[PDB]
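Let me begin by presenting the structure, written as C-alpha cells, before commenting on it.
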2 protein chains.
Amino acid sequence: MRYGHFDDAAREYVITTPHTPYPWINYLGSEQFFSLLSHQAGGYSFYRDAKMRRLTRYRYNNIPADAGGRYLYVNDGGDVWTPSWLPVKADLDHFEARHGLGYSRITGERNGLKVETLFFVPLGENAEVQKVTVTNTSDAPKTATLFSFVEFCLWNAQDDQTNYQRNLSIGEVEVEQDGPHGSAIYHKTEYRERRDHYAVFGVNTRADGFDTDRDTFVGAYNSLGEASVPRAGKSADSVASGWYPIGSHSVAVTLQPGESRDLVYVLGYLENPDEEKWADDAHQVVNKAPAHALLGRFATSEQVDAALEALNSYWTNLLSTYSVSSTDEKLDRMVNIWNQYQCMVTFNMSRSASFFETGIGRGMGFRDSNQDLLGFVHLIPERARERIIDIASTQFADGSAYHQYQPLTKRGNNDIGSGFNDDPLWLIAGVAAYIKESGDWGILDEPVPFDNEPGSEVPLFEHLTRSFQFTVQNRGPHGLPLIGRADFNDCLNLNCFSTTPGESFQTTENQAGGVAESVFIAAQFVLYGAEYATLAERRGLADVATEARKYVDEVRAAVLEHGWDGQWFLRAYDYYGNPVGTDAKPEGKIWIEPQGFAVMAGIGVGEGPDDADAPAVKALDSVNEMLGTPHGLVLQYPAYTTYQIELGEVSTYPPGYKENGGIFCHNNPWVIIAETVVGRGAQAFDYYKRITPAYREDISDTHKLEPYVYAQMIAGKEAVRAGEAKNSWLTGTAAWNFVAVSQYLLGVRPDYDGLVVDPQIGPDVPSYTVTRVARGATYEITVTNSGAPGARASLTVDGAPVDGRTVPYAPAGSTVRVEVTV
Amino acid sequence: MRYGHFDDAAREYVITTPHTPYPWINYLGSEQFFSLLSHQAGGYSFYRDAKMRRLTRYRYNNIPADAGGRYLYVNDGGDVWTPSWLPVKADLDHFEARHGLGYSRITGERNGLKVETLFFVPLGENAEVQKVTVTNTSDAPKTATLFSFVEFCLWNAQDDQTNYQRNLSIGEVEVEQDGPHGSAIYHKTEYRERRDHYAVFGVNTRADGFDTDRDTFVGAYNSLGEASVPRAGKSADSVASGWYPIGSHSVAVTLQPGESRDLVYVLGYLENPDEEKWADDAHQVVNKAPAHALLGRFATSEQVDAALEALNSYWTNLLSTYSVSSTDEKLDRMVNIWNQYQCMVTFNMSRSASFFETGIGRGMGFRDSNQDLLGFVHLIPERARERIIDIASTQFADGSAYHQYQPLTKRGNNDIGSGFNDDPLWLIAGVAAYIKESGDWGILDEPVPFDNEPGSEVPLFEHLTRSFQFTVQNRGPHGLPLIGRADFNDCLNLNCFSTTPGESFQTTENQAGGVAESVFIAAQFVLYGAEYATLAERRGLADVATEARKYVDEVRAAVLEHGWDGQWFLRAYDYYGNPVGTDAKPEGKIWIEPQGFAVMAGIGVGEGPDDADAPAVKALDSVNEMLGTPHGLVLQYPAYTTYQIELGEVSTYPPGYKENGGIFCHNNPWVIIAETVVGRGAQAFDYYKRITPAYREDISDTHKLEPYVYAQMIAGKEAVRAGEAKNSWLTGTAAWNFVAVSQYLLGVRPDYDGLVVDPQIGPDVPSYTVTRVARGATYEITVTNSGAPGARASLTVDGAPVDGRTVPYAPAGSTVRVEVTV
Ligand SMILES: OC[C@H]1O[C@@H](O)[C@H](O)[C@@H](O)[C@@H]1O
Ligand SMILES: OC[C@H]1O[C@@H](O)[C@H](O)[C@@H](O)[C@@H]1O
C-alpha cells in the first residue's frame, strides 16, 4: 500500500488521500522563519526559535492528531467544509496535497467549488503566505463565504501551555478592517511590555468581517470541526480580551461557472525599533508601518508568483552542486532532491521542532549541528562557516562544551545535560569537512570566544586544539577515552546509577570517579585526531602535529589491544571496569557504533574484502549476522529485557525501540561507509536501501511516517511494531546518509588538495554520471562500474590517464571531464 | 442567570445542565490521592504530586474545553451516547451533576436508559472509585453495551507533554480479563526501570472485551466524541505497545422494565516493595497482589455504600467544630459547608493543580501553605502540625526560605523565584494560629532542620526568631523592611528592570543595591512581630520579648512617619527611593494591601468609626471611594496603562486583570477585618458579600466560574470583562474569608488564654447562634445584634455576666453557654 507518489520533474511528493497512516509534514522557509505544514494544513510557525517566538499554537497529542492549523472554512449555501479535509471531515470529491521545496499546495473540492491553497515562506521574508484560488466547477453560479482561521500562541510556547494562571489575562489584539491593501488583525500580546515584536494576519481585500476570539469563533462545547461562525455564515466581529486570540477574516465570493478568484493571506512576524514602537504618544496603538509594507509586498497574485518563481530558482541553484544521473531513479531522487532538501531542514532545525520534537527543551545541538554540517557544507558554505563560529563559541576553555545552545540567543545551556565527552571532537569533524569543501583555510584564524565571553576570543584553530587535548587528558586505564555522561549514544550512561524515578537520565547528577571508557570515542578520536594532525601540519605546527599523531597511534593501539572482543569491537568499560558489548554477557552482546566507526577510522582493516581474518571483516560480518533486519540494522543485540542500572537510560526502553534494539538510523551510514572501506560495495548499497525513503515508499503502511524523509528510528526485530518509524525529519541520519551515498557509494568526496573519485556501490548501479561543482569548477564524472568486490577505480582526466583517485582542483571556471573505470 | 442550585441538607451543589459558562469541578480526596472532576467527568487524578505521579492525562486549553476524562459510552441499538454529555453530546432526556463533599454523582438518561455515576476517592485508599447504576426506565426489556474509558498519563506530566521523542516508545500495559473479581488493565510505564508503582483500571465483572490502545479505540481522524469501538459496538481487544495507553472494558447489560444494575469501576495507584515487584523470575509480569486486594475491597455495591457513608461521617465530624445558625441562609451555607470544604482543598493542593494551575511548576507555596493554615487549623490540627514542620524545614538558617517545595519530596526549590521578603513572617502567622487553636505550646520545642539538613535541627521557636530577625536586619532608609524580589504581591518587582522578553519576572535575575522598601511587609511585621513577642513572653524570654516589641514600635512609627500618603497608606519605595502608591503619581495612586493590613495591625486606629481624624478611617474611606465595585475591591487605582519598567510584572497585565486593577480577592478580607477592627461592621459585611460564592450565585453568567467556591481574581472595573472570574478554587481567598467571617464578622476567635466573642457584622444579621468546639469544650454562642455602628459586645457565661469579650477556656467535655449582646 501507498498514499501518493514522487514527481521528480516538479520536485514534489504528491499525497493523494487525506487518510495517511500519520500526518505528513513539510517545512516551509530556509532562513530565519519556519512553518511546519502537514498535508492537512496542520502545524505552526516561528521566528528563529520554536520555544521563544512561536507565532501560532499547535497541540501535540491532540485527539485526533493534527486538528489545528491554517484553515479555510467554506460555507456554500449553508454547507460547511474545509479543503484540508480536517477539521470538518466533509466528503471531498477531489483531494490532493503536494509537498515541494519550500512550498506546499493543498487542494480540496466539494459540490462544485474547488479551493486550492499554495503555502510558502518567501525569501527574505519573516512570513507565511497563502494564495488561495477558489474555482466554480459546476454549471450554475455559486455564492460562498470563506473564513480564514489561525490560532495564535503567546510567543513563549512553554508559558503558553503551562502558565494560564497568568496568560489567560494578557492576550491582546488590534483589528484593522480598512487597511492600505485589505484587512489585517494584529496579535500583540506583551508588546505593551518587553516584546518589540507582533504578528499580523491579513488579507489582500477588504473583508466582510473578522473574528479575533477563539471561543466566539468556534462556540462553546464545539471542536474546530464544528465552529459556530462558519456554520452561521457570518463573522462575529469578535475583539479578544485575554483568553485565546485568533486571526480570521470572512470574504463572500460570487462565481459564474468555470470562474475563479484569488486571495492572498499573510501571517507575518514584525519588529520595530524601541523608539518606533507606537503610533501615538500615549503608547497605546502599535506602529503598523512594517506590517503595511509586508502586506504591500503580497497584495497581488503576480507578487506571489514572482516570489514562488524566485524560491524555485534558489532551489535549482542550491541543487546544482551535487547531482547524479544513473539507472536507478530511487537512488537519483534521493541524491538529487530529497536528501539534500532534508539536509537544509536539519541544518536549520537541529533537533528542536517537528511533529515529534516539541520545540521546547531542545535548541541547537553541539554534536547535532556539527554532524549536520557534513551534509550541508556543499549547499551553502558561507552559512556553514557562520554556524561553525556560533557552535565553537559555546565551547568552554577546557575544551568541553555546552551540549546545545538556544537558537534565539546563541547561548549554550544544560537543559538536556552536560559533559558528553564525544561532543568536543565533532567540532574537528565539522571544520575538517568545511575546509575540504571550501578550501577556506582562513576560518582557522577566525577569532572565537569561549562561552560567548567578550574578550576571550582565540583563533578557531585553538578551539580545535582544546577539543583534541580534552580527549588526550581524559583517557581511562586502558588508554580509551573516558565516557563522561554519555558518548554519541545518549543512553549509554555509565556514571549514573539512578534509582529515582521522574528525573531525566540526561540531566540527572552523575557520580564522580569510576573508570568508564568508550570504544566509540576511541574510534572518533582516531578519525578526527588524524584530521587535527593534518590541520596542525598545514598551520606550520610541526611539533604539535607530531605529538598529535603519537596520541592517535596510542589510542588506536588501545582499540586493538583492549577494545576487541574476538568477533567484534567492544562497546565500553563500565563504572567498574567491566566490558560492555561482549559475547560474555547474555544481552547487549554486540553494539553497532564502534563497528561502523572504528572501521571508518581504518582500525583492523586487512588485505581486502576476502580477508576473513581482518578484524574489520569479522566485525562487519557480526553486524550483518546479529544486527541485520530487512528494515536496517539494530543498535545492539539482544536487546535488554531488564533494567541494567549500570548502563543508564538504555535498558529503560522496551526491546526493539529507540536505543534498546531499535534501528537508530543515524549509526547505519557508518556501517555503510565501513563496508565501502573494506571493499564490499554490494552490501553497503544493500544497507543504504533498507533505510532510504525512496525504497520504503512501497511499504508506506508499515513505515507509517513521511515516505520522502529519513526518520530517527525504525522499530527493530524485537519490537511488536517492527518496521514502524518514529521521530521523522529531524535526525543526523539525513546528513550521514548523504555523506554515505554522495561520498562513499558514488564515491565523490572533497579532500584538501583535490577531489577524490572512489566508487564502491556494487553491481546494482552499473553506470552513472555525477556533476560536482567544487571550488568554482565543474567536474563531470562518468562512471562505468562493474561492482566486483574489492575492485577500486582508475581515472582519466580530460583524456589523459592519472595516478590514484585524487583529481587536483582545477581553477575556478573550468569544466573537468573525469572518466572512471571500476 | 443560574445553572443549578445549592442543596444544604445534602451538602451538594446541584448542576442542572451540561451547558455551564465554564467547566465546574469538584476535588475528590483529602489525604494523599486526588481527583479533579468536572461536571462532565473531565479532569484527572494524581498521587501526592500532580506533576510526578499523574495517573490519567488531561489537556488544558483543549478545543472544546474539557473533552477528556472518565467516560462511559453507552451503545443501545447502535445509538451511542454518554451520560456526561461530552464527548458525544447526544441529546439527553435528563441530565444532572451533584458535586458534594469528596464525591459527585453525574446522571444522564437517553431513550429509556438512565446512567448514574457516583465518583469518589475512599478514605485510606489511593483510588478513584466509580459506582455506575444503569436503570431501564422504559416499559420494555432493554439491552446495551457499556465501554469504560480512561486515558493514562505517563506519570510525569511535564514529560508526558513535551518528550514524545522518548515517551511514544515507553507506554506498557498488562491485560487481565479473568482476575479474582472481574477484569483489570495495568498501566505500568517505567515500572520496568525506576518506578515501583503502577496503575490499575478494573471493573467488578468479567468484561466482554477490552482496549488499551487509544488509536484503536478512538480510530484515526476521530475525536473522543466519535470513538470507533463504541460505534461498532465491540471492543477490539487492543494491547498497547507504546503510543497512547488507555483503560477500557466493555460490559453487556440486560434490564427488565424498572430494573437496574450496578457496576463498580476502580482506578488505583499501587506500589510494591522492590523485592516483590515481579510475579515472575524473568521480571516481565507485575506483582498484582495489591491491585487484587484493592479490587476486592470494592467488589460489591455494599462495600461502596459503606465507604460512602464513612466519607459522609468524616465530613460531618470535620464540620462539627464551627457552625452557625442565622437569619441568612447564604451566609450559613458558606460558613457551614463550602468555605470549610474549600479550605480543605487548599490545604491539600496549595496552588498547584486546578483547571487553571496546570500542576507542573507550582508545588507547595511557603507563603500560601502558611496562610492556608489560618483557615484549616480548626478542621484537623494534627495535620496542620505536620504541615508547619514540613514548611519550616525548607527554611534557611538566615531566616529566608525556599518560596515553595515539591509535594512528593518535601524539598524546597526555586522554580518560581527566590528572596520574597514577606515569606519569613508567614511562618509566625501559621504557628500563632495553630497555637491559639490547639494550645499545643510544645510544637515550639519541635526540633526542625534548615533546608532539610541532617544535623541542622533547632527548636521550631528558633525558626520563628530567624524569621523575626530576618526582617529586623533587612530594613531600608525609612525604617521599612526591604522588599527583595517581591512581597505578598508577586508582581511588585522593584529590583527587576527587565527589558528582556521570555523570562518570567518571577524567576528573572534581580538587581543588587537600591533601597526598595515595602509598606506591606511593615504592616505584616507590626502584626506578626507582636505575635512573636507573645510567643516569647510565654516561653519566659523577657529579654527577647522586650527588644522585639521595641522593633515592632520602631516599625509602627516608620509607617506613620514614612508610609502615610495623606489619605491612605503608601505602598512601597522603589529601587531609587521614589514612593509607590502616592497621589502624586497619575497611575497606581492607591494600593489595597497596606490599607487592610496596616489597620489589622492596629496602625492608625483612633477613637472610633466616626473619628474622622484617624488615618485608618481616612484609609478605609479612600479604599471605598476609589477601589470599590459591585464585584469587590480592585487592587489599585487607576490601573497602569503603560509598562513601568521599575515596578516589574504589575504593569504588564492589561487594565482590570490580575495584579493590575483586578479584584485580587485574597486581599479583600484584610479590608473586611480592618473595617471590623474600626467598628464599621455594616461596611465589612457588605464587602464580604461582594466576593462570596453564595451571594454571587445569582450572577453565574457573569462570574462564569464555580458558584460554590472562591476564585483568585475577578476582572475589575477597568476591564471589558468586569465581573468575570479566573483561577477558581485554589486561592488564599478561601482561608482569609473564612478567617474574616468566622472570626471577625461573626466574631468567634481563639486566643491564647480563652475564646474571644467580638461580633462586628452590623444590622443585616440581627440574631445568630455559633457552635464552636475549642480545646475539647463546646461553646454555644447566642448573639442578639443591634448592629449599631461601633457597638461592641457584652457577655454573660452560664448565667453570670463577665468583663470584656474573652471567655477563658473551660475544661474538655464542658458545654458553655454564652449569651451575647451587641
Ligand atoms: O509564580 C506565580 C505568580 O505569577 C505571576 O505571573 C502572577 O501575576 C501571580 O498572580 C502569581 O502568583
Ligand atoms: O535528550 C535527547 C535524548 O533523549 C533520550 O531520552 C533519547 O533516547 C535520545 O535518543 C535523545 O537524543
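Following the order of the C-alpha cells, first chain is A, next is B, and so on, with residues numbered from 1 inside each chain and ligands from 1 in the order they appear.
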As a PDB file with N, CA and C atoms, in the first residue's frame, please: every residue in stretch 294-348 of chain A that DSSP puts in helix (DSSP H, G or I).
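File states.pdb, as written:
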```pdb
ATOM      1  N   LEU A 294       4.813  44.863   4.535  1.00  0.00           N
ATOM      2  CA  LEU A 294       4.728  43.427   4.257  1.00  0.00           C
ATOM      3  C   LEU A 294       3.488  43.079   3.452  1.00  0.00           C
ATOM      4  N   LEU A 295       2.343  43.552   3.912  1.00  0.00           N
ATOM      5  CA  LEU A 295       1.080  43.309   3.222  1.00  0.00           C
ATOM      6  C   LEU A 295       1.135  43.886   1.803  1.00  0.00           C
ATOM      7  N   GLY A 296       1.828  45.015   1.652  1.00  0.00           N
ATOM      8  CA  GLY A 296       2.015  45.626   0.347  1.00  0.00           C
ATOM      9  C   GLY A 296       2.877  44.810  -0.575  1.00  0.00           C
ATOM     10  N   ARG A 297       3.743  43.964  -0.020  1.00  0.00           N
ATOM     11  CA  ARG A 297       4.544  43.070  -0.882  1.00  0.00           C
ATOM     12  C   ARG A 297       3.819  41.808  -1.314  1.00  0.00           C
ATOM     13  N   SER A 301      -1.543  38.495  -6.776  1.00  0.00           N
ATOM     14  CA  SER A 301      -1.116  37.180  -7.239  1.00  0.00           C
ATOM     15  C   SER A 301       0.204  37.261  -7.974  1.00  0.00           C
ATOM     16  N   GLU A 302       0.391  38.331  -8.738  1.00  0.00           N
ATOM     17  CA  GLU A 302       1.608  38.488  -9.507  1.00  0.00           C
ATOM     18  C   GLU A 302       2.805  38.500  -8.536  1.00  0.00           C
ATOM     19  N   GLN A 303       2.667  39.236  -7.431  1.00  0.00           N
ATOM     20  CA  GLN A 303       3.748  39.332  -6.481  1.00  0.00           C
ATOM     21  C   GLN A 303       4.059  37.979  -5.880  1.00  0.00           C
ATOM     22  N   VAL A 304       2.993  37.254  -5.538  1.00  0.00           N
ATOM     23  CA  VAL A 304       3.117  35.872  -5.105  1.00  0.00           C
ATOM     24  C   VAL A 304       3.833  34.973  -6.127  1.00  0.00           C
ATOM     25  N   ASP A 305       3.377  34.974  -7.373  1.00  0.00           N
ATOM     26  CA  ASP A 305       4.003  34.111  -8.342  1.00  0.00           C
ATOM     27  C   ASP A 305       5.518  34.400  -8.528  1.00  0.00           C
ATOM     28  N   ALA A 306       5.874  35.692  -8.566  1.00  0.00           N
ATOM     29  CA  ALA A 306       7.279  36.121  -8.679  1.00  0.00           C
ATOM     30  C   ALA A 306       8.128  35.550  -7.518  1.00  0.00           C
ATOM     31  N   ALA A 307       7.586  35.604  -6.298  1.00  0.00           N
ATOM     32  CA  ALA A 307       8.243  35.055  -5.124  1.00  0.00           C
ATOM     33  C   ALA A 307       8.399  33.551  -5.242  1.00  0.00           C
ATOM     34  N   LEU A 308       7.340  32.875  -5.651  1.00  0.00           N
ATOM     35  CA  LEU A 308       7.439  31.437  -5.796  1.00  0.00           C
ATOM     36  C   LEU A 308       8.442  31.033  -6.889  1.00  0.00           C
ATOM     37  N   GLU A 309       8.481  31.763  -8.003  1.00  0.00           N
ATOM     38  CA  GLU A 309       9.500  31.503  -9.007  1.00  0.00           C
ATOM     39  C   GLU A 309      10.935  31.770  -8.495  1.00  0.00           C
ATOM     40  N   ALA A 310      11.114  32.785  -7.646  1.00  0.00           N
ATOM     41  CA  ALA A 310      12.433  33.056  -7.059  1.00  0.00           C
ATOM     42  C   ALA A 310      12.878  31.887  -6.161  1.00  0.00           C
ATOM     43  N   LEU A 311      11.912  31.350  -5.432  1.00  0.00           N
ATOM     44  CA  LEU A 311      12.150  30.303  -4.480  1.00  0.00           C
ATOM     45  C   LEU A 311      12.573  29.031  -5.233  1.00  0.00           C
ATOM     46  N   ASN A 312      11.885  28.782  -6.331  1.00  0.00           N
ATOM     47  CA  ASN A 312      12.287  27.731  -7.243  1.00  0.00           C
ATOM     48  C   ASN A 312      13.755  27.931  -7.729  1.00  0.00           C
ATOM     49  N   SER A 313      14.110  29.165  -8.138  1.00  0.00           N
ATOM     50  CA  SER A 313      15.464  29.415  -8.683  1.00  0.00           C
ATOM     51  C   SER A 313      16.519  29.250  -7.605  1.00  0.00           C
ATOM     52  N   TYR A 314      16.135  29.627  -6.385  1.00  0.00           N
ATOM     53  CA  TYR A 314      17.016  29.438  -5.262  1.00  0.00           C
ATOM     54  C   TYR A 314      17.268  27.921  -5.093  1.00  0.00           C
ATOM     55  N   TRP A 315      16.224  27.103  -5.211  1.00  0.00           N
ATOM     56  CA  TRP A 315      16.407  25.690  -5.014  1.00  0.00           C
ATOM     57  C   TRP A 315      17.177  25.018  -6.127  1.00  0.00           C
ATOM     58  N   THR A 316      16.852  25.329  -7.379  1.00  0.00           N
ATOM     59  CA  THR A 316      17.643  24.871  -8.511  1.00  0.00           C
ATOM     60  C   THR A 316      19.117  25.220  -8.368  1.00  0.00           C
ATOM     61  N   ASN A 317      19.383  26.462  -8.001  1.00  0.00           N
ATOM     62  CA  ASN A 317      20.736  26.856  -7.684  1.00  0.00           C
ATOM     63  C   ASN A 317      21.344  26.033  -6.554  1.00  0.00           C
ATOM     64  N   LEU A 318      20.608  25.874  -5.457  1.00  0.00           N
ATOM     65  CA  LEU A 318      21.126  25.042  -4.395  1.00  0.00           C
ATOM     66  C   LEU A 318      21.437  23.639  -4.878  1.00  0.00           C
ATOM     67  N   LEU A 319      20.594  23.074  -5.755  1.00  0.00           N
ATOM     68  CA  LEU A 319      20.768  21.663  -6.081  1.00  0.00           C
ATOM     69  C   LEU A 319      21.743  21.437  -7.219  1.00  0.00           C
ATOM     70  N   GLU A 329      16.258   5.379 -10.432  1.00  0.00           N
ATOM     71  CA  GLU A 329      15.555   6.624 -10.182  1.00  0.00           C
ATOM     72  C   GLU A 329      15.261   6.863  -8.735  1.00  0.00           C
ATOM     73  N   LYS A 330      15.199   5.797  -7.936  1.00  0.00           N
ATOM     74  CA  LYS A 330      15.060   5.933  -6.479  1.00  0.00           C
ATOM     75  C   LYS A 330      16.300   6.554  -5.892  1.00  0.00           C
ATOM     76  N   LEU A 331      17.433   5.944  -6.226  1.00  0.00           N
ATOM     77  CA  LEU A 331      18.714   6.493  -5.864  1.00  0.00           C
ATOM     78  C   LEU A 331      18.754   7.972  -6.284  1.00  0.00           C
ATOM     79  N   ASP A 332      18.482   8.241  -7.561  1.00  0.00           N
ATOM     80  CA  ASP A 332      18.598   9.584  -8.107  1.00  0.00           C
ATOM     81  C   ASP A 332      17.759  10.668  -7.399  1.00  0.00           C
ATOM     82  N   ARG A 333      16.481  10.379  -7.159  1.00  0.00           N
ATOM     83  CA  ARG A 333      15.601  11.336  -6.481  1.00  0.00           C
ATOM     84  C   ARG A 333      16.080  11.601  -5.048  1.00  0.00           C
ATOM     85  N   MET A 334      16.718  10.613  -4.431  1.00  0.00           N
ATOM     86  CA  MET A 334      17.205  10.821  -3.089  1.00  0.00           C
ATOM     87  C   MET A 334      18.434  11.707  -3.154  1.00  0.00           C
ATOM     88  N   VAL A 335      19.347  11.357  -4.048  1.00  0.00           N
ATOM     89  CA  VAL A 335      20.552  12.114  -4.117  1.00  0.00           C
ATOM     90  C   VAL A 335      20.325  13.528  -4.696  1.00  0.00           C
ATOM     91  N   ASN A 336      19.412  13.671  -5.657  1.00  0.00           N
ATOM     92  CA  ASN A 336      19.289  14.947  -6.373  1.00  0.00           C
ATOM     93  C   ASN A 336      18.418  15.991  -5.659  1.00  0.00           C
ATOM     94  N   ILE A 337      17.417  15.514  -4.923  1.00  0.00           N
ATOM     95  CA  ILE A 337      16.388  16.355  -4.382  1.00  0.00           C
ATOM     96  C   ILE A 337      16.269  16.161  -2.881  1.00  0.00           C
ATOM     97  N   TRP A 338      15.672  15.040  -2.465  1.00  0.00           N
ATOM     98  CA  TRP A 338      15.116  14.875  -1.119  1.00  0.00           C
ATOM     99  C   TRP A 338      16.126  14.863  -0.012  1.00  0.00           C
ATOM    100  N   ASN A 339      17.226  14.115  -0.156  1.00  0.00           N
ATOM    101  CA  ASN A 339      18.195  14.024   0.938  1.00  0.00           C
ATOM    102  C   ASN A 339      18.862  15.404   1.133  1.00  0.00           C
ATOM    103  N   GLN A 340      19.029  16.155   0.043  1.00  0.00           N
ATOM    104  CA  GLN A 340      19.601  17.490   0.124  1.00  0.00           C
ATOM    105  C   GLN A 340      18.647  18.506   0.758  1.00  0.00           C
ATOM    106  N   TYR A 341      17.404  18.476   0.306  1.00  0.00           N
ATOM    107  CA  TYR A 341      16.333  19.240   0.920  1.00  0.00           C
ATOM    108  C   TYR A 341      16.253  18.931   2.407  1.00  0.00           C
ATOM    109  N   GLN A 342      16.245  17.653   2.777  1.00  0.00           N
ATOM    110  CA  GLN A 342      16.165  17.327   4.213  1.00  0.00           C
ATOM    111  C   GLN A 342      17.363  17.893   5.009  1.00  0.00           C
ATOM    112  N   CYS A 343      18.557  17.829   4.393  1.00  0.00           N
ATOM    113  CA  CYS A 343      19.774  18.378   4.972  1.00  0.00           C
ATOM    114  C   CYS A 343      19.704  19.874   5.232  1.00  0.00           C
ATOM    115  N   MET A 344      19.013  20.624   4.375  1.00  0.00           N
ATOM    116  CA  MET A 344      18.776  22.016   4.677  1.00  0.00           C
ATOM    117  C   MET A 344      17.919  22.121   5.924  1.00  0.00           C
ATOM    118  N   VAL A 345      16.862  21.318   6.007  1.00  0.00           N
ATOM    119  CA  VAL A 345      15.933  21.409   7.135  1.00  0.00           C
ATOM    120  C   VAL A 345      16.673  21.074   8.429  1.00  0.00           C
ATOM    121  N   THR A 346      17.489  20.018   8.431  1.00  0.00           N
ATOM    122  CA  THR A 346      18.176  19.677   9.687  1.00  0.00           C
ATOM    123  C   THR A 346      19.240  20.737  10.032  1.00  0.00           C
ATOM    124  N   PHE A 347      19.838  21.354   9.023  1.00  0.00           N
ATOM    125  CA  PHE A 347      20.788  22.380   9.334  1.00  0.00           C
ATOM    126  C   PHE A 347      20.058  23.516  10.063  1.00  0.00           C
ATOM    127  N   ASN A 348      18.865  23.823   9.603  1.00  0.00           N
ATOM    128  CA  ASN A 348      18.062  24.880  10.231  1.00  0.00           C
ATOM    129  C   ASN A 348      17.412  24.519  11.582  1.00  0.00           C
TER     130      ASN A 348
END
```
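Using only C-alpha atoms, the part of chain A that sits within 6 Å of chain B is made up of residues 63, 64, 162, 164, 165, 170, 193, 194, 195, 221, 222, 223, 356, 357, 358, 499, 500, 501, 643, 652 and 653 of chain A.
Relative to atom CA of residue B:554, atom CA of residue B:426 is found at 20.1 Å.
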Practice problem: Excluding stretch 324-327 of chain A and any residue of its chain fewer than 4 positions from it, enumerate the residues within 10 Å of it, using only C-alpha atoms, and give them as a PyMOL selection string. | Solution: chain A and resi 331-336+742+746+764-772+780-783
How about saving the chosen residues, N, CA, C and O atoms kept, as a CSV table (one decimal), in the first residue's frame?
```
chain,number,residue,atom,x,y,z
A,331,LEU,N,17.4,5.9,-6.2
A,331,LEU,CA,18.7,6.5,-5.9
A,331,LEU,C,18.8,8.0,-6.3
A,331,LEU,O,19.0,8.8,-5.4
A,332,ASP,N,18.5,8.2,-7.6
A,332,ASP,CA,18.6,9.6,-8.1
A,332,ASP,C,17.8,10.7,-7.4
A,332,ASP,O,18.3,11.8,-7.1
A,333,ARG,N,16.5,10.4,-7.2
A,333,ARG,CA,15.6,11.3,-6.5
A,333,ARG,C,16.1,11.6,-5.0
A,333,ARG,O,15.9,12.7,-4.5
A,334,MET,N,16.7,10.6,-4.4
A,334,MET,CA,17.2,10.8,-3.1
A,334,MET,C,18.4,11.7,-3.2
A,334,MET,O,18.5,12.7,-2.4
A,335,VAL,N,19.3,11.4,-4.0
A,335,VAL,CA,20.6,12.1,-4.1
A,335,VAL,C,20.3,13.5,-4.7
A,335,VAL,O,21.0,14.5,-4.3
A,336,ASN,N,19.4,13.7,-5.7
A,336,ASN,CA,19.3,14.9,-6.4
A,336,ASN,C,18.4,16.0,-5.7
A,336,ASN,O,18.7,17.2,-5.8
A,742,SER,N,26.7,10.1,-1.4
A,742,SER,CA,27.3,11.0,-2.3
A,742,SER,C,28.8,10.8,-2.2
A,742,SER,O,29.5,11.0,-3.2
A,746,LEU,N,28.7,6.5,-4.3
A,746,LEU,CA,29.0,7.1,-5.5
A,746,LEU,C,30.5,7.5,-5.6
A,746,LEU,O,31.1,7.7,-6.6
A,764,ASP,N,24.7,-3.2,-8.7
A,764,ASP,CA,23.3,-2.7,-8.9
A,764,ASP,C,23.3,-1.4,-9.6
A,764,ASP,O,22.2,-1.1,-10.2
A,765,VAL,N,24.4,-0.6,-9.6
A,765,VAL,CA,24.4,0.6,-10.3
A,765,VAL,C,25.6,0.6,-11.3
A,765,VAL,O,26.6,1.1,-11.1
A,766,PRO,N,25.3,-0.1,-12.5
A,766,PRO,CA,26.5,-0.3,-13.4
A,766,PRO,C,27.0,0.9,-14.1
A,766,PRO,O,28.2,0.8,-14.6
A,767,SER,N,26.3,2.0,-14.2
A,767,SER,CA,26.8,3.2,-14.9
A,767,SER,C,26.0,4.4,-14.4
A,767,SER,O,24.8,4.3,-14.2
A,768,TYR,N,26.7,5.5,-14.3
A,768,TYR,CA,26.1,6.7,-13.8
A,768,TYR,C,27.1,7.9,-14.0
A,768,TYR,O,28.3,7.6,-14.2
A,769,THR,N,26.5,9.1,-13.9
A,769,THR,CA,27.3,10.3,-14.1
A,769,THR,C,27.1,11.2,-12.9
A,769,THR,O,25.9,11.4,-12.5
A,770,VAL,N,28.1,11.8,-12.4
A,770,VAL,CA,27.9,12.8,-11.3
A,770,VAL,C,28.5,14.1,-11.7
A,770,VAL,O,29.6,14.2,-12.4
A,771,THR,N,27.8,15.2,-11.4
A,771,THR,CA,28.2,16.5,-11.8
A,771,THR,C,28.4,17.1,-10.5
A,771,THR,O,27.4,17.2,-9.7
A,772,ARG,N,29.6,17.5,-10.2
A,772,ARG,CA,30.0,18.1,-8.9
A,772,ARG,C,30.7,19.4,-9.1
A,772,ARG,O,31.8,19.5,-9.7
A,780,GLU,N,32.7,16.6,-14.3
A,780,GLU,CA,31.7,15.7,-14.9
A,780,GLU,C,32.3,14.4,-14.9
A,780,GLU,O,33.3,14.1,-15.7
A,781,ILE,N,31.7,13.5,-14.1
A,781,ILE,CA,32.4,12.3,-13.7
A,781,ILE,C,31.6,11.1,-14.2
A,781,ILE,O,30.5,10.9,-13.7
A,782,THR,N,32.2,10.4,-15.2
A,782,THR,CA,31.4,9.4,-15.9
A,782,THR,C,31.9,8.1,-15.5
A,782,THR,O,33.1,7.7,-15.7
A,783,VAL,N,31.0,7.3,-14.8
A,783,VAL,CA,31.4,6.1,-14.2
A,783,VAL,C,30.9,4.9,-14.9
A,783,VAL,O,29.7,4.7,-15.1
```
Quiz item: Quick one: residues within 6 Å of ligand 2, with only C-alpha atoms and all ligand atoms, as a ChimeraX atom specification?
Solution: /A:416,490-491,506 /B:166
Export of the given selection (N, CA and C atoms) as a CSV table (one decimal), in the first residue's frame:
```csv
chain,number,residue,atom,x,y,z
A,416,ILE,N,19.5,19.8,28.6
A,416,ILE,CA,19.4,18.4,28.3
A,416,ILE,C,20.7,17.7,28.7
A,490,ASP,N,23.2,8.6,23.5
A,490,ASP,CA,22.7,9.4,24.7
A,490,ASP,C,22.3,8.5,25.8
A,491,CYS,N,22.1,7.3,25.6
A,491,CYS,CA,21.5,6.4,26.6
A,491,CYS,C,22.6,5.5,27.3
A,506,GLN,N,19.3,12.2,31.2
A,506,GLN,CA,20.1,13.3,30.5
A,506,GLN,C,20.5,14.4,31.4
B,166,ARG,N,11.1,10.5,23.2
B,166,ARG,CA,11.3,9.4,24.0
B,166,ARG,C,10.1,8.6,24.3
```
